[PDB]
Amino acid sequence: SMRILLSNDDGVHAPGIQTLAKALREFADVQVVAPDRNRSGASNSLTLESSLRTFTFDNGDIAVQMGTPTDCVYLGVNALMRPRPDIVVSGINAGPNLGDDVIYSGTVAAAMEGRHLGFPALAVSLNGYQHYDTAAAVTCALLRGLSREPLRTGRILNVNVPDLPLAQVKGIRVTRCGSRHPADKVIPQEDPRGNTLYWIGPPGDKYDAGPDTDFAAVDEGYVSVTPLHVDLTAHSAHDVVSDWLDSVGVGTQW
């Protein structure tokens, strides 16, 4: 019987995470360890300068004080949940995590943090705010599915679900991350004393959102499943960087 570490990114009381927990407690033992306040825009952010305070609740749900999504699952796996989870699922998130985004996503990061357990970790995001209903069903399918048969390759599955009633989601689709044009907008806004403060503001237009992409999938009406890894090496850049090095003679006398 599956042991589930359920975290998320929107906080221990987000409709997203609570819904998923009810659905999952139907066939698995779930233990929630989530951050205490919506703070999305954390990435694989990790509290290193300070220790972490824990708070447990009425049920058994833990919230990490000021804790980051990676904070949560990390504490969850090596201290807080015992016996250890078999999987971590990163609880239904209010809003997409597609393309370039994924690198900055706290919800993707919680999943990435469970890349080492018996089962692949699931990140789950709704594109919108209404049909949490649907994302739960999708996750359960994915989960019963792992339980009859283990997946031999891919330790992070990044799922996004369209904001449509289950009956209208056309299927699911294995995808690749898309990309936007480089973001560059900064919105200045000035404080009552004259000084300029800056907002980061909105991401670039969609660049590669062709047929193979997670963007196209969701746009079409499919669950989009992207397998993620954690090796950022640009392997094909290799010889070029080496020729360069030799060409200009850094690291060499000759």
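In case it trips you up, residue 1 is the first one in the sequence shown, and so on.
On average the C-alpha atoms of 145-153 have higher B-factors than those of the other stretch, with 145-153 and 162-170 being the two compared. Two stretches are in play, 242-250 and 11-19, and the higher mean C-alpha B-factor belongs to 11-19.
The PDB entry assigns residue 223 a C-alpha temperature factor belonging to the lowest third of its chain's modelled residues. Residue 214: CA B factor lies in the highest third for its chain, per the PDB record. Annotation for residue 179: CA B-factor lies in the highest third of the chain's modelled residues. In the PDB entry, a CA B factor belonging to the middle third of its chain's modelled residues is recorded for residue 46. In the PDB entry, residue 58 places in the highest third of its chain by CA B-factor.
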